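Just below is one structure, and these are the notes that go with it.
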Amino acid sequence: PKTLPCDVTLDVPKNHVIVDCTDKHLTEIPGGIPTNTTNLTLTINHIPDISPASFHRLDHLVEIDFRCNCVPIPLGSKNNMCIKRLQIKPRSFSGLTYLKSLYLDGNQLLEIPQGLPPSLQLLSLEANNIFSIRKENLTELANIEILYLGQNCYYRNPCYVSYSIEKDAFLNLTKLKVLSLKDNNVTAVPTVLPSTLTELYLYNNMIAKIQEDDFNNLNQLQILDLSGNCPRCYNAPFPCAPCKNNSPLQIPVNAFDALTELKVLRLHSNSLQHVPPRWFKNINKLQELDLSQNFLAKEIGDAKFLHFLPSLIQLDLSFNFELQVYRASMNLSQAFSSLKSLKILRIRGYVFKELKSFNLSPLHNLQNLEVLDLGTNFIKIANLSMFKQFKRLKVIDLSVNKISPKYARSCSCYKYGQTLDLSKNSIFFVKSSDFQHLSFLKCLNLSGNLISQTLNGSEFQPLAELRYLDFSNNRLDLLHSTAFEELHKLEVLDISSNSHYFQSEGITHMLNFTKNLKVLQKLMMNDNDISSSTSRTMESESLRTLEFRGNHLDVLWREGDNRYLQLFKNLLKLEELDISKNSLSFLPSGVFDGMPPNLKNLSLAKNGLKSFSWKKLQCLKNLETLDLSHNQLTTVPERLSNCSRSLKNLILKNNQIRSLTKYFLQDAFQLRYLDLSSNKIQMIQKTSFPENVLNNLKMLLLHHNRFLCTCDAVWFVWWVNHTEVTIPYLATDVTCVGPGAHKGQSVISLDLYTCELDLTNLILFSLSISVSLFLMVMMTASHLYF
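Note that the sequence shown covers residues 31 to 435, 470 to 475, 490 to 864 in the deposited numbering.
Okay, here's the thing in structure tokens:
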């Protein structure tokens, strides 16, 4: 509890006092950090160097984050610059006997910092300039377990020198478990690595050949990443350095021999034309195998190696097409039936023309198969009915094809069941015979297909058990109220982004098409520009949430047009209304009387309300999350108690409010959430913010406003000092606009003794003038009386 902007978190059972100064623009480490802290965070700031006095009296530290104080030239933002790289003073971390982690990613260091404590377990030196490692600098790290030495030399952080490794640099690190040498311009794997390895990340480097004595001692390794070595970078958006003569990564047949406990092996972008089954001879517990961006278009037709993969879970074979070849069909081998435990199978980038039913014959007996991704293949003809055999599947991805009817933080309808993702294809009209034998489908994605058709209730007939419908980025013409009528079990409908036919004026728009939907629970109709509707009301006995943003309601609720005032009135069970971004300039008095009775979530964000009425909120006796963000309203209500007694999540972000009422939160007990950030509010008084109601607020925001922190409301300056109310960004964002020398000041670090306190100054002045006049009168009378 101090004036520091770093967020504090206390956990007694874990003995964890976490202080986080994430992205606060620090210049030096602030003083007064408690000795009970264990996790420390100093990310993107402006810290010049580290001194032994930085962590002097702190001995209970276990995690220190010093990531990306000033990133390299193209690795981050160009608006924050450091005059020079980071310099580590000697004996800067040995005083931390309880240290177990250190993050120094993105500090442009030239060598590994020396003097680290032996209790150090985690270490990361990514995005730095270390391109040479020695044993004399690693002898102090004989107890580390996690070592992240990646992103040191590549196309974004160049060093112009190959990654040099002296012999047996990582040998004496018997406790090291994972090693990441990614993006370091590595030429050869550092032999020899410790036998206690568990993850080896040498991916995205320049290794051209693999030795038979490379992984000879790694018997406990579980994940091995060799992706990007000799890559296939045709039409790549990033600078690449391919191998000589377009040769793939040279891995011997007897290279993965000692690797028994290996579970994940990624070989993405290795220009691999052949993969012998001898590589998978000794590894029996492989779960994930990535082979993307390779030349395996001829190997996928054979695929003998899969006869040695009985426990495989994931198999990524994406983007294996050969250039300037548009195959007429996809060739899968029968060995695809040998991956008993296969779950996820993505065959993207396998460009071909026609997908026949018998082309997926080896996949007809995979009981554990749940994912079947076949997108980005430019498939033209594909009979959907053939998917009547993949009923046990979970997702059926048919995306942008033309079908026709390492913990490192940077510095849908899958929950409903079976889905058929037909997004961004070439369907321009929907027929009932096309979706035949597809009753088991719980979801259906038609987004981005641009279907121009008026539905009369006979298109999606075989879809009896459908529960989710995506119809975004299309052109639906709402002529009949019987649209989607045959969808008896449909719960969620997405008709958003269909502004074409709804923009036209004169044609009918039967918005009451939800009456025939008895189990519909959600409806997305955003970005439709609906300006007219022949139906006066909307009917639905089960719709609870309605997203109605991105339209035109200033014309439907136009002055004098009382026809569309009770649009959402018949929505009996509606509890979440998202009518926003509709250019609503003023609220017509009477629409709140035609609002759903069970309405709980009302949002009016990014509209343009010039004057929002508040006394009309009494008609909504169930509203709790009124959202009025990014508006243009000016005056706050007089008394929030007389306006509503169930509202608790008032959100007033990015509006133009100058000052609150004298009794804003008077007797308002039910509210637990309020936002007044990015405003022009200048003063807040106690009569409007009494502690009896402020004691229960879960969250309150008052940042990015124009507070003039003068003495005129001195107790306000005191109220922020001694009061326990969750106000985030209290020291870096909510600042002072004035006056004069007090500009840029934080509200928590304010203390104004300017105003006289209890009126003792007047008493003293009165006493002084009385004493003076009394002495004058007494002396004059004494002179007169002699």
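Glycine residues also receive a C-beta, built at the ideal position from the N, C-alpha and C atoms.
Counting along the chain, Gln-344 sits inside the beta strand (DSSP E) bounded by residues 344 to 346. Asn-214 has its alpha-carbon roughly 5 Å from the corresponding atom of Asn-182. Sequence-distant Cβ neighbours of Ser-609 in its own chain, meaning closer than 6 Å and more than five residues away, are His-630, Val-633. Per DSSP, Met-856 is one residue of the alpha helix (DSSP H) stretching across 839 to 863. Taking each of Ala-859, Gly-628, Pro-102 in turn and checking the Cα distance to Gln-138, the smallest one comes out for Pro-102.
Between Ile-160 and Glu-175, the C-beta gap is not smaller than 8 Å, which leaves the two residues out of contact. Note on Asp-572: 16 or more other CB atoms within 10 angstroms of its CB, so buried under the neighbour-count rule.
Assignment of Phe-670 by DSSP, reduced to helix, strand and coil, places it in the helix class. Exclusion of the five residues before and after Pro-143 leaves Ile-118, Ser-122, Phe-123, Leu-134 as the residues of its chain whose Cβ lies within less than 8 Å of its Cβ. Under the three-pair Cβ rule at 8 Å, the region 91 to 105 counts as touching the region 49 to 69.
Here DSSP, grouped into helix, strand and coil, assigns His-46 to strand. About 3 Å separates the Cβ atoms of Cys-270 and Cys-263, confirming a contact at the 8 Å cut-off. The continuous alpha helix (DSSP H) containing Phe-794 extends over residues 792 to 797. Between the region 341 to 350 and the region 376 to 392, the count of C-beta pairs closer than 8 Å reaches three or more; the two stretches touch.
Going by beta carbons, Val-208 and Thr-228 fall inside the 8 Å limit. Under DSSP, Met-777 takes part in a beta bridge, and its partners are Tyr-751. Remark: three or more beta-carbon pairs, one from each stretch, lie closer than 8 Å, so the region 502 to 512 and the region 419 to 434 are flagged as touching. Counting every other CB atom within 10 Å of its CB across the protein chains shown gives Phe-417 a total of 16 or more, marking it as buried.
Pairwise C-beta distances place the region 811 to 819 out of contact with the region 842 to 856, as fewer than three of them are shorter than 8 Å.
Within the same chain, Cβ atoms closer than 6 Å to the Cβ of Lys-424 are found at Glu-400, the five residues on either side in sequence being excluded. DSSP, reduced to helix, strand and coil, places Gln-280 within a strand of the structure shown.
Here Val-191 carries a coil assignment [DSSP, helix/strand/coil]. Beyond the five residues adjoining it in sequence on each side, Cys-36 comes within less than 6 Å, by CB distance, of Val-49, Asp-50, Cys-51 in the same chain, given in chain order.
DSSP, reduced to helix, strand and coil, places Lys-54 outside both helices and strands of the structure shown, so it counts as coil. One alpha carbon belongs to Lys-659, the other to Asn-679, and they sit about 16 Å apart. Within the same chain, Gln-419 come within 7 Å of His-394 by CB-CB distance, once the 5 residues on both sides are set aside. Contact between the region 76 to 84 and the region 161 to 173 is absent: fewer than three C-beta pairs spanning the two stretches fall below 8 Å.
Shown here, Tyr-579 sits in a helix according to DSSP, grouped into three states. In the DSSP assignment, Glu-769 falls outside any beta strand (DSSP E) and lies within the alpha helix (DSSP H) extending over 769 to 772. With contacts defined as CB atoms closer than 8 Å, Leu-179 and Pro-147 fail to qualify as a contacting pair. One thing to note: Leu-728 has its Cβ within 8 Å of the Cβ of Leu-704. If you draw a straight line from the Cα of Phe-664 to the Cα of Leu-153, it comes to about 58 Å.
Short of 7 Å from the beta carbon of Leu-203, and not among the five residues preceding or following it, lie these beta carbons of its own chain, in chain order: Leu-168, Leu-171, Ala-172, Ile-174, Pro-224. Per DSSP, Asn-727 is one residue of the beta strand (DSSP E) stretching across 727 to 729. Taking all protein chains shown into account, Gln-364 has fewer than 16 neighbouring C-beta atoms within 10 Å of its C-beta and is therefore exposed. In this structure, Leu-251 and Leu-279 do not form a Cβ contact; the two beta carbons are roughly 18 Å apart against a cut-off of 8 Å.
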